file structure.cif (mmCIF, C-alpha atoms and all ligand atoms; chains and numbers go by the auth columns)
data_model
loop_
_atom_site.group_PDB
_atom_site.id
_atom_site.type_symbol
_atom_site.label_atom_id
_atom_site.label_comp_id
_atom_site.label_asym_id
_atom_site.label_seq_id
_atom_site.Cartn_x
_atom_site.Cartn_y
_atom_site.Cartn_z
_atom_site.B_iso_or_equiv
_atom_site.auth_seq_id
_atom_site.auth_asym_id
ATOM 1 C CA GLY A 1 13.011 6.366 9.971 0.00 1 A
ATOM 2 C CA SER A 2 13.185 8.500 6.854 0.00 2 A
ATOM 3 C CA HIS A 3 11.830 12.030 6.442 0.00 3 A
ATOM 4 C CA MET A 4 9.495 11.568 3.505 0.00 4 A
ATOM 5 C CA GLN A 5 6.529 11.889 5.869 0.00 5 A
ATOM 6 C CA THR A 6 7.005 15.513 6.796 0.00 6 A
ATOM 7 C CA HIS A 7 7.713 18.771 4.862 0.00 7 A
ATOM 8 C CA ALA A 8 4.580 18.501 2.711 0.00 8 A
ATOM 9 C CA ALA A 9 4.756 14.813 1.910 0.00 9 A
ATOM 10 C CA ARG A 10 1.844 14.094 4.221 0.00 10 A
ATOM 11 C CA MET A 11 -0.405 16.246 2.046 0.00 11 A
ATOM 12 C CA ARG A 12 1.497 15.358 -1.081 0.00 12 A
ATOM 13 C CA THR A 13 -0.208 11.915 -1.071 0.00 13 A
ATOM 14 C CA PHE A 14 -3.505 13.097 0.438 0.00 14 A
ATOM 15 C CA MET A 15 -4.502 14.121 -3.078 0.00 15 A
ATOM 16 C CA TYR A 16 -6.281 11.519 -5.169 0.00 16 A
ATOM 17 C CA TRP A 17 -6.467 8.853 -7.794 0.00 17 A
ATOM 18 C CA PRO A 18 -9.171 9.688 -10.346 0.00 18 A
ATOM 19 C CA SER A 19 -10.338 13.178 -9.170 0.00 19 A
ATOM 20 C CA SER A 20 -11.184 12.394 -5.403 0.00 20 A
ATOM 21 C CA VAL A 21 -10.945 9.086 -3.449 0.00 21 A
ATOM 22 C CA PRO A 22 -14.455 7.547 -3.180 0.00 22 A
ATOM 23 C CA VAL A 23 -12.937 4.462 -1.522 0.00 23 A
ATOM 24 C CA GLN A 24 -12.446 4.248 2.276 0.00 24 A
ATOM 25 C CA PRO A 25 -9.797 6.879 2.872 0.00 25 A
ATOM 26 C CA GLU A 26 -9.780 6.334 6.621 0.00 26 A
ATOM 27 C CA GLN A 27 -8.612 2.750 5.928 0.00 27 A
ATOM 28 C CA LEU A 28 -6.167 4.014 3.262 0.00 28 A
ATOM 29 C CA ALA A 29 -4.454 5.935 6.056 0.00 29 A
ATOM 30 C CA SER A 30 -3.761 2.570 7.691 0.00 30 A
ATOM 31 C CA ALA A 31 -3.036 0.769 4.412 0.00 31 A
ATOM 32 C CA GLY A 32 -0.316 3.343 3.390 0.00 32 A
ATOM 33 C CA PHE A 33 -2.129 5.384 0.803 0.00 33 A
ATOM 34 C CA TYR A 34 -3.751 8.777 1.086 0.00 34 A
ATOM 35 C CA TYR A 35 -1.364 10.927 3.073 0.00 35 A
ATOM 36 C CA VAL A 36 0.312 7.729 4.190 0.00 36 A
ATOM 37 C CA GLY A 37 1.383 6.743 0.702 0.00 37 A
ATOM 38 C CA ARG A 38 3.806 8.730 -1.450 0.00 38 A
ATOM 39 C CA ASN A 39 3.019 11.208 -4.303 0.00 39 A
ATOM 40 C CA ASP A 40 0.435 10.088 -6.876 0.00 40 A
ATOM 41 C CA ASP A 41 0.886 6.356 -7.469 0.00 41 A
ATOM 42 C CA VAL A 42 0.921 6.024 -3.614 0.00 42 A
ATOM 43 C CA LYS A 43 4.208 4.203 -3.299 0.00 43 A
ATOM 44 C CA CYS A 44 4.082 3.968 0.469 0.00 44 A
ATOM 45 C CA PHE A 45 6.886 4.860 2.855 0.00 45 A
ATOM 46 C CA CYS A 46 8.556 1.798 4.299 0.00 46 A
ATOM 47 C CA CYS A 47 7.364 -0.352 1.474 0.00 47 A
ATOM 48 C CA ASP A 48 9.950 -1.250 -1.085 0.00 48 A
ATOM 49 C CA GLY A 49 7.167 -2.037 -3.569 0.00 49 A
ATOM 50 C CA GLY A 50 3.821 -0.199 -3.202 0.00 50 A
ATOM 51 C CA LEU A 51 1.590 0.779 -6.187 0.00 51 A
ATOM 52 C CA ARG A 52 -2.232 1.199 -6.699 0.00 52 A
ATOM 53 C CA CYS A 53 -4.506 -0.533 -9.253 0.00 53 A
ATOM 54 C CA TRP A 54 -8.057 -0.293 -7.700 0.00 54 A
ATOM 55 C CA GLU A 55 -10.342 -2.980 -9.118 0.00 55 A
ATOM 56 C CA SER A 56 -14.057 -3.260 -8.235 0.00 56 A
ATOM 57 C CA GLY A 57 -14.592 -1.603 -4.872 0.00 57 A
ATOM 58 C CA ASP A 58 -11.527 -3.318 -3.544 0.00 58 A
ATOM 59 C CA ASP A 59 -9.778 -2.673 -0.258 0.00 59 A
ATOM 60 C CA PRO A 60 -6.535 -0.634 -0.247 0.00 60 A
ATOM 61 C CA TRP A 61 -5.135 -3.498 1.662 0.00 61 A
ATOM 62 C CA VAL A 62 -5.505 -6.533 -0.533 0.00 62 A
ATOM 63 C CA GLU A 63 -3.957 -4.277 -3.211 0.00 63 A
ATOM 64 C CA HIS A 64 -1.399 -3.293 -0.610 0.00 64 A
ATOM 65 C CA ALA A 65 -0.712 -6.871 0.198 0.00 65 A
ATOM 66 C CA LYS A 66 -0.320 -8.333 -3.308 0.00 66 A
ATOM 67 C CA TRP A 67 2.658 -6.347 -4.647 0.00 67 A
ATOM 68 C CA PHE A 68 4.564 -5.202 -1.555 0.00 68 A
ATOM 69 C CA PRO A 69 7.787 -7.296 -1.316 0.00 69 A
ATOM 70 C CA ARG A 70 8.185 -5.761 2.182 0.00 70 A
ATOM 71 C CA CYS A 71 6.370 -2.901 3.972 0.00 71 A
ATOM 72 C CA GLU A 72 8.073 -2.905 7.365 0.00 72 A
ATOM 73 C CA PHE A 73 5.594 -0.170 8.223 0.00 73 A
ATOM 74 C CA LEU A 74 2.750 -2.468 7.681 0.00 74 A
ATOM 75 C CA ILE A 75 4.528 -5.646 8.635 0.00 75 A
ATOM 76 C CA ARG A 76 3.086 -5.097 12.096 0.00 76 A
ATOM 77 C CA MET A 77 -0.506 -6.091 12.585 0.00 77 A
ATOM 78 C CA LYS A 78 -0.970 -6.727 8.946 0.00 78 A
ATOM 79 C CA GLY A 79 2.252 -8.539 8.224 0.00 79 A
ATOM 80 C CA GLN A 80 1.684 -11.046 10.992 0.00 80 A
ATOM 81 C CA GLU A 81 -2.035 -11.445 10.492 0.00 81 A
ATOM 82 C CA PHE A 82 -3.105 -10.009 7.158 0.00 82 A
ATOM 83 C CA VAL A 83 -0.616 -11.681 4.966 0.00 83 A
ATOM 84 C CA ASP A 84 -0.674 -14.714 7.138 0.00 84 A
ATOM 85 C CA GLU A 85 -4.190 -14.924 5.844 0.00 85 A
ATOM 86 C CA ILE A 86 -3.731 -13.220 2.465 0.00 86 A
ATOM 87 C CA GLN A 87 -0.796 -15.480 1.605 0.00 87 A
ATOM 88 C CA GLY A 88 -3.140 -18.327 2.383 0.00 88 A
ATOM 89 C CA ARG A 89 -5.078 -17.119 -0.607 0.00 89 A
ATOM 90 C CA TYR A 90 -2.033 -16.100 -2.620 0.00 90 A
ATOM 91 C CA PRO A 91 0.157 -19.163 -3.398 0.00 91 A
ATOM 92 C CA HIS A 92 1.834 -17.027 -6.076 0.00 92 A
ATOM 93 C CA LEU A 93 2.655 -14.298 -3.594 0.00 93 A
ATOM 94 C CA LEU A 94 6.397 -14.796 -3.567 0.00 94 A
ATOM 95 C CA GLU A 95 8.781 -13.745 -6.342 0.00 95 A
ATOM 96 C CA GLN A 96 8.441 -15.836 -9.510 0.00 96 A
ATOM 97 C CA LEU A 97 10.874 -15.005 -12.335 0.00 97 A
ATOM 98 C CA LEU A 98 10.901 -12.122 -14.811 0.00 98 A
ATOM 99 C CA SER A 99 14.049 -11.291 -16.778 0.00 99 A
ATOM 100 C CA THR A 100 16.323 -13.455 -14.677 0.00 100 A
ATOM 101 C CA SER A 101 19.377 -14.179 -16.822 0.00 101 A
HETATM 102 ZN ZN ZN B . 3.423 -0.198 2.511 0.00 201 B
#

call {"tool": "encode", "arguments": {"input": "structure.cif", "output": "structure tokens", "more": "lines below"}}
Ligand SMILES: [Zn+2]
result
Amino acid sequence: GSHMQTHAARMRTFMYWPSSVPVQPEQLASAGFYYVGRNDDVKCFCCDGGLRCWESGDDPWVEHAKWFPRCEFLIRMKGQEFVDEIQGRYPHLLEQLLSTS
């Protein structure tokens, strides 16, 4: 429950990635991108860790299920079904190490 989804924000993410979104923007709106993401590098709303990296006609969802450490927004039908499946495929989903001293 934050107000980063009002004021203009909604259309502040509805912009684009190259110069228009030739992906599936109706699915993006469910994945937390395009209007439903945040700014340019569609960060998402509830997500603590959303980004974009669009590979080869990939879904917004596998992208937005491989870097999110949490997306309470999307933890609903995706986070109990998606990831339950996606994590089946991703045994390196969880946090590894980085600069942990
Ligand atoms: Zn998210």

call {"tool": "atom_distance", "arguments": {"input": "structure.cif", "atom1": "atom CA of residue A:64", "atom2": "atom CA of residue A:52"}}
result
7.6 Å

call {"tool": "residues_near_ligand", "arguments": {"input": "structure.cif", "ligand": "ligand ZN 201 (chain B)", "cutoff": "10 Å", "atoms": "only C-alpha atoms and all ligand atoms", "output": "tab-separated table (two decimals) with C-alpha atoms, keeping the file's coordinate frame"}}
result
chain	number	residue	atom	x	y	z
A	30	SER	CA	-3.76	2.57	7.69
A	31	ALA	CA	-3.04	0.77	4.41
A	32	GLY	CA	-0.32	3.34	3.39
A	33	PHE	CA	-2.13	5.38	0.80
A	36	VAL	CA	0.31	7.73	4.19
A	37	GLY	CA	1.38	6.74	0.70
A	38	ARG	CA	3.81	8.73	-1.45
A	42	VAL	CA	0.92	6.02	-3.61
A	43	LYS	CA	4.21	4.20	-3.30
A	44	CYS	CA	4.08	3.97	0.47
A	45	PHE	CA	6.89	4.86	2.86
A	46	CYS	CA	8.56	1.80	4.30
A	47	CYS	CA	7.36	-0.35	1.47
A	48	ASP	CA	9.95	-1.25	-1.08
A	49	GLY	CA	7.17	-2.04	-3.57
A	50	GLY	CA	3.82	-0.20	-3.20
A	51	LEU	CA	1.59	0.78	-6.19
A	61	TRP	CA	-5.14	-3.50	1.66
A	64	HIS	CA	-1.40	-3.29	-0.61
A	65	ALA	CA	-0.71	-6.87	0.20
A	67	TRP	CA	2.66	-6.35	-4.65
A	68	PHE	CA	4.56	-5.20	-1.56
A	69	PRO	CA	7.79	-7.30	-1.32
A	70	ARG	CA	8.18	-5.76	2.18
A	71	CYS	CA	6.37	-2.90	3.97
A	72	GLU	CA	8.07	-2.90	7.36
A	73	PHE	CA	5.59	-0.17	8.22
A	74	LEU	CA	2.75	-2.47	7.68
A	75	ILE	CA	4.53	-5.65	8.64

call {"tool": "residues_around", "arguments": {"input": "structure.cif", "residues": "residue A:85", "least_positions_apart": "6", "cutoff": "12 Å", "atoms": "all atoms listed in the file", "output": "PyMOL selection string"}}
result
chain A and resi 62+65-66+77-79+91+93

call {"tool": "atom_distance", "arguments": {"input": "structure.cif", "atom1": "atom CA of residue A:90", "atom2": "atom CA of residue A:23"}}
result
23.3 Å

call {"tool": "atom_distance", "arguments": {"input": "structure.cif", "atom1": "atom CA of residue A:11", "atom2": "atom CA of residue A:35"}}
result
5.5 Å

call {"tool": "axis_aligned_box", "arguments": {"input": "structure.cif", "around": "stretch 64-69 of chain A", "padding_each_side": "6 Å", "output": "JSON"}}
result
{"center_x": 3.2, "center_y": -5.8, "center_z": -2.2, "size_x": 21.2, "size_y": 17.0, "size_z": 16.8}

call {"tool": "closest_residue", "arguments": {"input": "structure.cif", "among": "A:89, A:22, A:40, A:83", "to": "residue A:9", "atoms": "only C-alpha atoms"}}
result
A:40

call {"tool": "closest_residue", "arguments": {"input": "structure.cif", "among": "A:21, A:98, A:7, A:2", "to": "residue A:54", "atoms": "all atoms listed in the file"}}
result
A:21
